[PDB]
Amino acid sequence: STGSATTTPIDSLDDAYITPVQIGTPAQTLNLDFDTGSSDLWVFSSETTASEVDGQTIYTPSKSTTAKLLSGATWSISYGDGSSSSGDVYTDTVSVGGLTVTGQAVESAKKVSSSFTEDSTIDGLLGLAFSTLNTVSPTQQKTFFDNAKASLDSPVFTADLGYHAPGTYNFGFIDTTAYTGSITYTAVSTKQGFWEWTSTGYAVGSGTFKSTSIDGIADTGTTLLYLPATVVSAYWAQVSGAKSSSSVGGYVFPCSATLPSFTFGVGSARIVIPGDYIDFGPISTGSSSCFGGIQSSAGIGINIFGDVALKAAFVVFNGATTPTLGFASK
Numbered sequence: 001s002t003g004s005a006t007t008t009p010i011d012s013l014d015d016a017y018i019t020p021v022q023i024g025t026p027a028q029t030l031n032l033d034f035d036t037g038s039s040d041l042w043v044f045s046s047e048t049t050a051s052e053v054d055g056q057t058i059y060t061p062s063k064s065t066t067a068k069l070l071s072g073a074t075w076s077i078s079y080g081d082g083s084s085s086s087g088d089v090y091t092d093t094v095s096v097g098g099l100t101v102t103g104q105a106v107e108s109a110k111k112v113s114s115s116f117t118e119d120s121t122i123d124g125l126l127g128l129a130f131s132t133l134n135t136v137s138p139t140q141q142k143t144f145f146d147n148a149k150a151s152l153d154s155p156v157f158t159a160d161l162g163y164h165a166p167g168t169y170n171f172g173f174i175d176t177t178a179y180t181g182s183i184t185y186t187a188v189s190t191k192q193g194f195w196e197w198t199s200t201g202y203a204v205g206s207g208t209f210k211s212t213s214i215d216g217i218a219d220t221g222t223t224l225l226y227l228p229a230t231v232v233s234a235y236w237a238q239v240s241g242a243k244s245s246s247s248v249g250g251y252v253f254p255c256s257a258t259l260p261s262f263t264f265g266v267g268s269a270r271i272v273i274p275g276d277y278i279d280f281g282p283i284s285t286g287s288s289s290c291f292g293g294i295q296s297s298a299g300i301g302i303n304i305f306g307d308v309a310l311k312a313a314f315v316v317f318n319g320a321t322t323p324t325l326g327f328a329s330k
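Count the sequence shown with the authors' numbering and you get residues 1 to 330, in order.
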């Protein structure tokens, strides 16, 4: 079996992407944030504190003839940005782009943090990291991809995120018309539960390539690219007027600037992030200071290849027995 679904930026900065998911019988379609950095499928629902819902589409398990409560199950999750949610659990039928899993754990939110409430375009998350991160207790639950893996023509999904444009998540096949050249594959460590790999280096603009190992995670659920302070400083040093601002929480730059590109290594291969992709716009409506899309990871604990990086490539999340990651230019 295979599945294929379009994913669409939620705003003009590509802060996140939403993908339509069918839950229950008859289908209830919700637009979820596919996150390779987490492993919970959770949705706004009929059980969510009413004050904390503001425009999202909710899932009503009582309207779904295939929904069954997972007795005793609960869940609570906190994300790297400080947001958080929690609630109880149903199993129900879930389909993505024609691909159907029966008995998927659909985690129903009783509580969401303000940031989720304030984002009326994201009805929940569908996590695609490794199931060892799933927060359901006392019985940990499997991700959508884990549940579907056996039935897929190939045990893989791919991420083809667009720059200011829709893109695609494919399950179970490689679309050889979606990229150029060849796919470079690279080793993955699952020991922290993430799609964790090691980039071979970077270059700034037309600068010479610097070979150095950069351990990090491929994470569709993070907007920006978070790298070590040395790398990030070398980049922003090439933008006149750029500076790191504690008040704003990161590197900012003159909105009048033309940004240089950033290249990251995948083995012997090279992925180029156009400079335009690093511009996340005024820090406030009307401001002439713009927020940078490459930021330091020194206050994270981990380097994050978020959408700023992943959307410059076609990305194969290979869930074979030995997981690997593959990157191609497009």
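Don't be surprised by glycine CBs; every beta carbon is placed ideally from N, CA and C.
Compute the distance between the beta-carbons of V106 and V43, then report whether it is under 8 angstroms.
Taking the first residue of the sequence shown as 1, we reach residue 106 at position 106. Taking the first residue of the sequence shown as 1, we reach residue 43 at position 43. It is a contact, given that the beta carbons lie within the stated cut-off.
Figure out for me which residue from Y251, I304, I77, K142 has the closest Cα to the Cα of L225. Residue numbering aside, residue 225 sits at position 225 when the sequence shown is read from its first letter. For the residues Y251, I304, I77, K142, the minimum Cα distance to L225 belongs to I304.
Proximity below 8 angstroms, CB of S108 to CB of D88 | On the sequence shown, position 108 is the one that residue 108 refers to. On the sequence shown, position 88 is the one that residue 88 refers to. Contact flag set, yes.
Buried or exposed: where does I271 fall if 16 or more other Cβ atoms within 10 Å of its Cβ makes it buried?
-> If you number the sequence shown from 1, residue 271 lands on position 271. Buried is the call here.
request  = Since I believe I23 is in contact with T121 (beta carbons under 8 angstroms), could you give me their beta-carbon distance rounded to a whole number of angstroms?
outcome  = The residue given as residue 121 occupies position 121 in the sequence shown. The residue given as residue 23 occupies position 23 in the sequence shown. Rounded, the Cβ-Cβ distance is 17 angstroms, inconsistent with contact.
- Quick one: is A5 buried, meaning 16 or more other Cβ sit within 10 Å of its Cβ, or exposed? Start at 1 with the first residue of the sequence shown, and residue 5 comes out as number 5. It counts as buried.
Taking C-alpha atoms, which residue in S288, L152, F262 lies nearest to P254? Locating residue 254 in the sequence shown gives position 254, where the first residue counts as 1. Nearest of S288, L152, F262 to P254, Cα basis: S288.
Could you please give me the residues that DSSP links to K210 through a beta bridge? Within the sequence shown, numbered from 1, the residue matching residue 210 stands at position 210. Looking at the DSSP assignment, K210 forms a beta bridge with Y202.
Segment contact, 8 angstroms Cβ cut-off, at least three pairs: the segment 284 to 301 with the segment 199 to 212:
no
*Would you mind reading off the limits of the beta strand (DSSP E) that contains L225?*
Taking the first residue of the sequence shown as 1, we reach residue 225 at position 225. Start and end: 225 to 227.
* How big is the Cα-Cα spacing for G172 and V101? -> By 1-based counting over the sequence shown, the position of residue 172 is 172. By 1-based counting over the sequence shown, the position of residue 101 is 101. Rounded to the nearest angstrom, the two C-alpha atoms are 13 angstroms apart.
Does the structure place the segment 315 to 322 close enough to the segment 222 to 236 that three or more beta carbon pairs sit under 8 angstroms?
no
Self-check item: Assumed close pair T57, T93 - CB separation to whole angstroms, cut-off 8 angstroms
Solution: Position 57 of the sequence shown, counted from the start, is the residue given in the question as residue 57. Position 93 of the sequence shown, counted from the start, is the residue given in the question as residue 93. Wrong, their Cβ atoms sit about 17 angstroms apart, outside the cutoff.
DSSP three-state assignment for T7, whether helix, strand or coil:
Position 7 of the sequence shown, counted from the first residue, corresponds to residue 7. In the structure shown, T7 sits in a strand (DSSP, three-state: E or B).
| field | Contact under 8 angstroms by Cβ, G326 with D219 | value | The residue labelled residue 326 in the question sits at position 326 within the sequence shown. The residue labelled residue 219 in the question sits at position 219 within the sequence shown. No, the pair does not count as a contact, with Cβ atoms beyond the cut-off.
**Request:** Pair every Cβ in the segment 182 to 190 with every Cβ in the segment 160 to 172, then say whether three or more of these pairs are closer than 8 angstroms.
**Result:** no
Q) What number of angstroms, rounded off, separates the C-alpha of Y79 from the C-alpha of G127? A) In the sequence shown, residue 79 corresponds to position 79, counting from 1. In the sequence shown, residue 127 corresponds to position 127, counting from 1. When rounded, the distance between both Cα atoms is 12 angstroms.
Ordered along the chain, which non-local residues of its own chain (more than five positions away) have a Cβ less than 6 angstroms from that of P274?
-> The residue labelled residue 274 in the question sits at position 274 within the sequence shown. Excluding positions up to five away in sequence, the list reads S261.
Q.
Using only CA atoms, which one of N31, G241, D276, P228 lies nearest to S45?
A. For the purposes of this step, residue 45 is identified with residue 45 of the sequence shown, where counting begins at 1. Nearest of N31, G241, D276, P228 to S45, Cα basis: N31.
Taking only the alpha-carbon atoms, compute the straight-line gap between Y185 and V96 and give it to the nearest angstrom. On the sequence shown, position 185 is the one that residue 185 refers to. On the sequence shown, position 96 is the one that residue 96 refers to. Going from the Cα of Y185 to the Cα of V96 covers about 26 angstroms.
- request: Using beta-carbon positions only, say whether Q104 and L13 come within less than 8 angstroms of one another.
  value: The count along the sequence shown starts at 1 and reaches residue 104 at position 104. The count along the sequence shown starts at 1 and reaches residue 13 at position 13. No, Cβ-Cβ distance for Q104 and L13 is not below 8 angstroms.
- request: Could you pull out every residue in the same chain whose Cβ sits closer than 7 angstroms to the Cβ of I302, ignoring the five residues on either side in sequence?
  value: Position 302 of the sequence shown, counted from the start, is the residue given in the question as residue 302. Once the five neighbours on either side are set aside, the close Cβ partners of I302 are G216, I217.
| By Cβ distance, which residues of its chain are closer than 7 angstroms to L310, with the 5 residues on each side in sequence left out? | Along the sequence shown, read from residue 1 onward, the residue named residue 310 stands at position 310. The answer, listed in chain order, is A159, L161, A218, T220.
Q) For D35, which of helix, strand or coil comes out of DSSP? A) As a working mapping, residue 35 is identified with position 35 in the sequence shown. Residue state, collapsed to three classes: strand.
- Query: What residue does the alpha helix (DSSP H) around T25 start on, and which one ends it?
  - Reply: Here residue 25 is taken as the residue at index 25 of the sequence shown, counted from 1. It is not in any alpha helix (DSSP H) - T25 carries neither H nor E in the DSSP assignment.
task: Using the Cα positions of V266 and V239, report the straight-line distance between them to the nearest angstrom.
output: Here the question's residue 266 lines up with position 266 in the sequence shown. Here the question's residue 239 lines up with position 239 in the sequence shown. Rounded to whole angstroms, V266 to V239 spans 25 angstroms at the Cα level.
Buried or exposed: which applies to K149, given that a residue is buried once 16 or more other Cβ atoms fall within 10 Å of its Cβ? Taking the sequence shown and counting its residues from 1, the one referred to as residue 149 is at position 149. Label assigned to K149: buried.
Backbone CA spacing between residue 337 and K243 [nearest angstrom] | Limits of the chain in this structure are 1 at one end and 330 at the other, which puts residue 337 out of reach.
* For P166, does the count of other Cβ atoms within 10 angstroms reach 16, so buried, or fall short, so exposed? -> In the sequence shown, residue 166 corresponds to position 166, counting from 1. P166 is exposed by the Cβ-count criterion.
What whole-angstrom Cβ distance do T263 and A203 have, given they're in contact under 8 angstroms? On the sequence shown, residue 263 is found 263 positions in, with the first residue counted as 1. On the sequence shown, residue 203 is found 203 positions in, with the first residue counted as 1. Yes, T263 and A203 are in contact; Cβ-Cβ is about 4 angstroms, under 8 angstroms.
From the DSSP output, read off the bridge partner residues of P254. Within the sequence shown, the letter at position 254 stands for residue 254. Partner(s): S289.
**Prompt:** Residues in its own chain within less than 7 angstroms of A313 by CB, not counting five upstream and five downstream?
**Reply:** Your numbering for residue 313 matches position 313 in the sequence shown. Closer than 7 angstroms at the Cβ level, and outside the excluded window around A313, lie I271, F327, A328, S329, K330.
Quick check: what's the CA-CA separation for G241 versus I300? Position 241 of the sequence shown holds residue 241. Position 300 of the sequence shown holds residue 300. Rounded to whole angstroms, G241 to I300 spans 25 angstroms at the Cα level.
Exercise for the section: Determine the DSSP secondary structure at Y179, reduced to helix, strand or coil. Expected result: Translated into positions along the sequence shown, residue 179 becomes position 179. Three-state result, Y179: coil.
Can you tell which of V248, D146, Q141 has its C-alpha closest to the C-alpha of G72?
The residue given as residue 72 occupies position 72 in the sequence shown. The option with the nearest alpha carbon to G72 is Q141.
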